[PDB]
Ligand SMILES: Nc1ncnc2c1ncn2[C@@H]1O[C@H](COP(=O)(O)OP(=O)(O)NP(=O)(O)O)[C@@H](O)[C@H]1O
Ligand SMILES: Nc1ncnc2c1ncn2[C@@H]1O[C@H](COP(=O)(O)OP(=O)(O)NP(=O)(O)O)[C@@H](O)[C@H]1O
Ligand SMILES: [Mg+2]
Ligand SMILES: [Mg+2]
């Protein structure tokens, strides 16, 4: 809350009054230009709004529209509030109210609370849910994880279809392509050899550009997952390279390596690494860990690839990350080993923010159905505690919300719908970790921010897990739960090798889960969000120093306050810069919260003058650390 | 025949001996690198070669391999003779012999003569036939005329599939796209408007690049046909423009206008021309002439487009042709009006060389099944005549050859196969017009080269027509012949408004055709070929002048001999340059031969300093002249 809150209330003035009418407007709307009935509300939902209009308008509390961050509102106005004809036809509460209804049909009770919590900034869904929830094509889902359906032209162009047919509504896409042959591999049609990936990519990077004015975003953030033994690996990690004068100016593709441990082994024990066109080495992206090392090992034996210094790739890879900050690294074995869907098959890729990790097949495209809970709004008392009951509580709710989405979602491609339906993956997220910390005035390093951390996720996983049981208790287990690690009482940390930090009763849980099942194969995918230092500001009053006599140190420096004349230790330990905090503490809290995460989540370790040898300790640290999504991003300068 | 014939016979030495063994080799061949059975002969054909090996090797006459033009052989060696492992495994005769067999199965008699004529350079098929005829994927067809299946993403990407799935084997492609909406037109999905064509094009221009190493050619000569009332017309004619810094560097697309007469009317009577996104103006590429002018006329009435100075387009168009030599012009109404397939629907486009003109639908892709007869090899006696019987004769044969191709062709896309099968379009071509003339020593202008001309086609059309009857006499009418102009005795010139030049009995013909039908809806598509002055050289001896005392005038000038010191009139009237000959005589002979051409064929009028006003008389001349393929190409400097 700053001095520009006028943009809220004075533009709470060009807004009409009663939810009901605003819906009417939106429902009844017409294309003032083509005279086309252009509704922005589904028949289905509209009637629900009319049938209840009374209790609804009543229910809303418009005073809550002032309880919004300055840059926050702007976001909504610019992009989330349904406009009428160029003009904003939605008070934030309306949006909320339409989202709330979006999710539950006749479940008005459910609608109303899942209303209130939202309005009381407790949690919020993903843009996709925000944007379309309630409207005629209620696509509320975030990303899609697409499988390169075949290594035939029929395949590629059937894949290319989706990557558009989705890309046209929807959100981010991440497709894995370990099965397309390598440069100069062999066509059994004619005298041709293979073009490779990179031109085939230039293709996908191109439907990307064109298919967009509808996907309501030129940003075509596609990410491409590929195992590092593919004979085309080098050209692949290179994509975004600042040079390439007839190449991929792939300003919207990003390359992600889907890395088995073998590679990281070879690398460390400085050795060999063999490459393959997949055609000569079949079945490779289908085995993993041991089954995979037997396999790969033997195609080396059998002499099918092109042996290189394992240290060569790793070396080039590194170079690329620095110059471009890509490829991303996800650990193939870390992920499958510790996935609850290991029963289905082999998870071949994760997604752009290298967060969700769920099965995909040429006839299953996986979805990111996600909401994210606002960690800071459970802080409670001058100095304070955190309400873990409230947490458990709210996160029980969201797990319900998200489940619904899975049923009321508008599916872009039949694949998507099969997938989401048999497996029911959710993704609870979280916002405000860094905050919560600073509010409870704990420094990022505290071996008690350390503590807090663990407990939080512990509680979320705990709740989501339980909520999911009851609905599986009410509605039946998700369709494919048998064979599940959970179908045998093995849980996230159990697959890591730990004991819960025990703040919740996992026995009673693990007990019922076997007895009732759960409504979803996965539950949480924490922190790769923004729209889905201000903290000093406050503190500097009580001690001293200020404004006219101090438009100085920080305007200059990046909120890096270590060693500033007249400023407390308590503070410059709390309000630590991100370069300033220890990475092996970040990697660490990471691998901590990691134990109660069905999915994965992403690191962005933040060093200064990173060495082809520093970066390496960082990757190997986390690597060795059991982590699922490797180091995902390194920011430099 | 020059002094380098050594490349034939001395490299007739690294060739093995008896056809049969050469087949064996080719049949039995293996991928010396992947150990894959890599045959180059179909089971089907192989056995035919063994079952008859005796009469076959015998039959061949290898002395004929010396009867080849210097640059000619090179063509074969470089690209037509099946290589073994990098090394040429085919004497020209073998190729021929495999082509010959390619076409007829057990029809050895047919094989053998259709052998001999070929070997006696009388006619030859299209590369596609040359290359693959006999081999396991006997795709022998030239182009494909593809229909933009829908104005949905499902459509576009289903079209894009073919334009690859074909493009991967096969030959040239020409697709028409009058149905895709215009820039900023309206998506009834969301807040998007249309990207337009040009980006959608950038898409097709891109599968073009990638899908090629198999299509055994980086050249992706796609041509795109579009009516000039499409709201995106301007950007469309611009494609190849030497400027466009985030545009189509469409180094392999070419834009062709599919122009109704209305436009050319408006233009001349200096007036208006309205543009449309097709969505607001539906049915437009489906009506023509009168039905079309009623339609279009009324969308003007109704005020649906964006009225421009008809003279504006025409003006821009022109500019484009000069700077790029495109768009090509085909006359939509000229073509449908005088098509024998008018019964099926509306021919929406022709093809790259703007020659064939046959129906296409989102479930019919039309084919160019073609061979071409060598006009010069019927000249017969010091000075001479032309044997029209031989012509009629040989061209009877080719019409048989080509028919077979239609049945033994390997079809890339089910569409192709339906089309070719129900309609049976052929394309007899011709080579050596310009020659024949000079051999019978007649000048391009002679009102008796004028005469000869007409008669030739008259005879070819006459023969092909008759040959086609008999097989329709033997095999039945092509599947869709009822409703045919011919199914009513109306023939090519009859649809023009003429009487045959009567050198053949058209009554007896027109008689039987109604009685038996014909095997093909179309027959001929003359002169847009090369691989499918040397004439002075000879003459300069008998009079005088030569070599050491004359490495002069022409080495310099473009065989333009008008006014050279000591050189006969007889000659410099015969060996006239192409800029030097009259265009309205070219346009004219054109519109002459035109009357006996089922299909179309193409002009390349050749002026010097062409004016936005000179070009115009040329287009309007031919236009008014009844022509089907407008002026197709203008070469300048
Ligand atoms: N004309 C072409 N241009 C580029 N790549 C091609 C072409 N034809 C096939 N490929 C490659 O071959 C793979 C797909 O196989 P496809 O072309 O559908 O079957 P095919 O290669 O003819 N037969 P096979 O080798 O038996 O699968 C892809 O990785 C393509 O790159
Ligand atoms: N996301 C998009 N980007 C670019 N063009 C699009 C997009 N969505 C639709 N189009 C255009 O719309 C036409 C195809 O229609 P399509 O998108 O399949 O159905 P739609 O527009 O959602 N519904 P409708 O308008 O009722 O056909 C093509 O000319 C496309 O350019
Ligand atoms: Mg294949
Ligand atoms: Mg549509």
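Protein chains in written order, with the deposited numbering: chain A, 76 to 456, 461 to 611, 642 to 746; chain A', 76 to 456, 461 to 611, 642 to 746. A prime marks a further copy of an entry chain.
Virtual Cβ for every residue (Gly too), placed ideally from N, Cα, C.
Review point. Any heavy atom of ligand 1 closer than 6 Å to the CB of residue 227(A)?
Key: For this step, residue 227(A) is matched to residue 152 along the first chain. True, at least one ligand heavy atom lies under 6 Å from that Cβ.
Check your understanding: Could you give the C-beta distance for residue 572(A) and residue 704(A), rounded to a whole number, given that I count them as a contact under 8 Å?
Key -> For the purposes of this step, residue 572(A) is taken as residue 493 along the first chain, with counting starting at 1. For the purposes of this step, residue 704(A) is taken as residue 595 along the first chain, with counting starting at 1. At roughly 4 Å, the Cβ-Cβ gap stays under 8 Å, so residue 572(A) and residue 704(A) are in contact.
Exercise for review: List the endpoints of the continuous beta strand (DSSP E) containing residue 715(A').
Suggested key: Position 606 of the second chain holds residue 715(A'). Where residue 715(A') is concerned, there is no enclosing beta strand (DSSP E), given that its DSSP letter is neither H nor E.
Review point. Any idea what DSSP makes of residue 471(A), helix, strand or coil?
Key: Within the first chain, numbered from 1, the residue matching residue 471(A) stands at position 392. Here residue 471(A) sits in helix by DSSP.
Check your understanding: Using 8 Å as the threshold, is the stretch 261-273 of chain A in touch with the stretch 291-298 of chain A, meaning 3 or more CB pairs across them?
Key -> The stretch 261-273 of chain A and the stretch 291-298 of chain A do not touch, with fewer than 3 CB-CB distances between them shorter than 8 Å.
Check your understanding: Which full runs of the beta strand (DSSP E) of 3+ residues lie inside the stretch 268-314 of chain A', going along the chain?
Key -> 297-301
Check your understanding: What's the C-alpha gap between residue 255(A') and residue 231(A')?
Key -> As a first step, residue 255(A') is located in the second chain; it is residue number 180 there, counting from the start. As a first step, residue 231(A') is located in the second chain; it is residue number 156 there, counting from the start. Distance between the alpha carbons of residue 255(A') and residue 231(A') is about 9 Å.
**Study point:** Between the CA atoms of residue 598(A') and residue 459(A') - distance to the nearest angstrom
**Key:** The gap in chain A' between 456 and 461 takes in residue 459(A'), so it carries no coordinates here.
Review point. Hey, would you say the C-beta of residue 263(A) is under 6 Å away from at least one heavy atom of ligand 6?
Key: Ligands displayed in this structure: ligand 1, ligand 2, ligand 3 and ligand 4; ligand 6 is not among them.
**Study point:** Listed by chain order, chain A residues near residue 214(A') by CB distance under 8 Å
**Key:** For this step, residue 214(A') is matched to residue 139 along the second chain. By Cβ distance, chain A contributes nothing, its closest Cβ being about 10 Å from residue 214(A'), past 8 Å.
Point to revise | N- and C-terminal bounds of the beta strand (DSSP E) containing residue 248(A') | key: Mapped onto the second chain, residue 248(A') falls at position 173. 248-251 is the extent of the beta strand (DSSP E) around residue 248(A').
**Study point:** Contact with chain A' by residue 232(A), beta-carbon distance below 7 Å
**Key:** For this step, residue 232(A) is matched to residue 157 along the first chain. Under the Cβ distance rule, residue 232(A) counts among the residues neighbouring chain A', one pair being separated by less than 7 Å.
Check your understanding: For residue 186(A') versus residue 176(A'), is the C-beta distance shorter than 7 Å?
Key -> Here residue 186(A') corresponds to residue number 111 of the second chain, with the count starting at 1. Here residue 176(A') corresponds to residue number 101 of the second chain, with the count starting at 1. Residue 176(A') sits close to residue 186(A'), with the two beta carbons spaced by under 7 Å.
Point to revise | For residue 112(A'), the residue or residues it bridges with in DSSP | key: For the purposes of this step, residue 112(A') is taken as the residue at position 37 of the second chain. Answer by DSSP bridge pairing, in chain order: 105(A').
Practice item. Run down chain A' in chain order and give the residues with a C-beta less than 8 Å from the C-beta of residue 379(A). Key: What you label residue 379(A) is simply residue 304 of the first chain in a count that begins at 1. Under the 8 Å cutoff, chain A' gives no residues; its nearest Cβ is about 11 Å from residue 379(A).
Point to revise | Contacting positions in the stretch 489-506 of chain A - beta carbon closer than 8 Å to chain A' | key: none
Practice item. Report yes or no: do the stretch 81-89 of chain A and the stretch 139-159 of chain A share at least 3 C-beta pairs separated by less than 8 Å? Key: yes
Point to revise | residue 264(A'): contacting residues in chain A (beta-carbon distance under 9 Å) | key: Working through the second chain from its first residue, we reach residue 264(A') at position 189. Within 9 Å Cβ-Cβ: 212, 243, 244, 289.
Check your understanding: Does any residue of chain A' bring its CB to less than 7 Å from the CB of residue 270(A)?
Key -> For this step, residue 270(A) is matched to residue 195 along the first chain. Yes - at least one Cβ of chain A' is within 7 Å of the one on residue 270(A).
Exercise for review: Just the chain A side, please: which residues come within less than 8 Å of residue 328(A') by C-beta, in chain order?
Suggested key: Here residue 328(A') corresponds to residue number 253 of the second chain, with the count starting at 1. Those do not exist, as residue 328(A') stays about 14 Å from chain A at its closest Cβ, beyond 8 Å.
Review point. Listed in chain order, which residues of the stretch 353-374 of chain A have Cβ atoms closer than 7 Å to some Cβ of chain A'?
Key: none
Review point. Should residue 349(A') be flagged as near chain A, meaning a C-beta pair shorter than 7 Å?
Key: Position 274 of the second chain, counted from the start, is the residue given in the question as residue 349(A'). Not closer than 7 Å to any Cβ of chain A, the Cβ of residue 349(A') fails to qualify, so no.
Exercise for review: Return helix, strand or coil for residue 397(A'), following the three-state DSSP convention.
Suggested key: The count along the second chain starts at 1 and reaches residue 397(A') at position 322. It is helical.
Review point. Expressed to the nearest angstrom, what Euclidean distance is found between the alpha-carbon atoms of residue 365(A') and residue 680(A')?
Key: Your numbering for residue 365(A') matches position 290 in the second chain. Your numbering for residue 680(A') matches position 571 in the second chain. About 50 Å.
Point to revise | chain A' contact for residue 109(A) (CB, 7 Å cutoff) | key: Indexing the first chain from 1 puts residue 109(A) at position 34. Yes, because at least one Cβ of chain A' sits closer than 7 Å to the Cβ of residue 109(A).
Review point. Beta-carbon of residue 387(A') versus every beta-carbon of chain A: anything under 7 Å?
Key: For the purposes of this step, residue 387(A') is taken as residue 312 along the second chain, with counting starting at 1. Answer no: the Cβ-Cβ gap between residue 387(A') and chain A never drops below 7 Å.
Exercise for review: Would you kindly report the start and end of the unbroken alpha helix (DSSP H) that includes residue 690(A)?
Suggested key: If you number the first chain from 1, residue 690(A) lands on position 581. Premise fails: residue 690(A) is in no alpha helix (DSSP H) and is neither H nor E.
Point to revise | Beta-carbon gap between residue 382(A) and residue 354(A) smaller than 7 Å | key: In the first chain, the residue the question calls residue 382(A) occupies position 307. In the first chain, the residue the question calls residue 354(A) occupies position 279. No; because the gap between Cβ atoms is not below 7 Å, this pair is not in contact.
Point to revise | Local Cβ density within 10 Å of residue 302(A), reported as buried at 16 or more and exposed below that | key: In the first chain, the residue the question calls residue 302(A) occupies position 227. Here residue 302(A) is buried. Its C-beta has 16 or more other C-beta atoms within 10 Å.
Exercise for review: Counting only runs of 4+ residues fully inside the stretch 183-271 of chain A', write out the alpha helix (DSSP H) ranges in chain order.
Suggested key: 183-194, 202-207, 228-240
**Study point:** Beta-carbon gap between residue 102(A) and residue 116(A) smaller than 7 Å
**Key:** Translated into positions along the first chain, residue 102(A) becomes position 27. Translated into positions along the first chain, residue 116(A) becomes position 41. Result yes, Cβ atoms of residue 102(A) and residue 116(A) sit closer than 7 Å.
Point to revise | Under 8 Å from the C-beta of residue 278(A'): neighbouring residues of chain A | key: In the second chain, counting from the first residue as 1, residue 278(A') sits at position 203. Within 8 Å Cβ-Cβ: 281, 282, 285.
Review point. In three-state DSSP terms, what is residue 594(A)?
Key: By one-based count along the first chain, residue 594(A) stands at place 515. If DSSP states are grouped into helix, strand and coil, residue 594(A) belongs with the helices.
Check your understanding: Do you know offhand how far residue 525(A)'s Cα is from residue 113(A)'s?
Key -> To locate residue 525(A), count along the first chain from 1; it is residue 446. To locate residue 113(A), count along the first chain from 1; it is residue 38. Spanning the two alpha carbons is a distance of roughly 55 Å.
Point to revise | Burial state of residue 558(A'), where buried means 16 or more other Cβ atoms lie within 10 Å | key: In the second chain, the residue the question calls residue 558(A') occupies position 479. With fewer than 16 Cβ atoms within 10 Å of its Cβ, residue 558(A') is classed as exposed.
**Study point:** Three-way DSSP call (helix, strand, coil) for residue 447(A) in this model
**Key:** Here residue 447(A) corresponds to residue number 372 of the first chain, with the count starting at 1. In this structure, residue 447(A) counts as strand in the three-state DSSP scheme.
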